[PDB]
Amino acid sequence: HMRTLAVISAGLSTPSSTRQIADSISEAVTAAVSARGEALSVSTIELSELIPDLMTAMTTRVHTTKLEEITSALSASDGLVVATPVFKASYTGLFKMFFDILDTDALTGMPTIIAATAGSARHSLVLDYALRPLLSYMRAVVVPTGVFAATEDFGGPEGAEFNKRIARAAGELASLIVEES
């Protein structure tokens, strides 16, 4: 039935480092699901392009049609990847807002990889102290390998060890994805 992977990116710049790693991860997840013998369809959503819809959802309990279809598709997905820039030592307000807008049971059981990017790695704990508690509150199953891209640390032993990590996170998710019947 072709496995489905939703990806939520919350970067604001162009190019977006957030979208960069979100892509690195989703590409890796496709590679892993392929290795497990299946095809993976990845649908990415850039939150900066849902601003008016989110702004509307704040001043009107009713969601636009565009938003209603996006969250519905999300809940229907087999796997999920979420990525965010680090603003004020944590996830982005826009990022959180998207999740605020979701129904309580929107991600129950949802296999998920949490990711974040920044210059250095001093704020990498944002993964376990911010995103993890969030996806956990929503009963999603967040794989152990969280991905934190420190732009300043790409290339060399570090960079290669990092790509090794993205693959590891990808495998964990891929395994959970092909497991669902």
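Start at 1 with the first residue shown and count on from there.
For the pair 3-11 and 172-180, the record assigns the higher mean C-alpha temperature factor to 172-180. Here 20-28 and 156-164 are compared by their mean Cα B-factor, and 156-164 comes out higher. Per the PDB record, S34 has a higher Cα B-factor than any other of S34, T112, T117, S136. Each of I45, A140, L131, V147 has a CA temperature factor in the record; the biggest one is found at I45. Among all modelled residues in its chain, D100 ranks in the lowest third by Cα B-factor. Annotation for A57: CA B-factor lies in the highest third of the chain's modelled residues. Placement of the Cα temperature factor of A121 within the chain: middle third of the modelled residues, per the deposited record. Placement of the Cα temperature factor of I51 within the chain: highest third of the modelled residues, per the deposited record.
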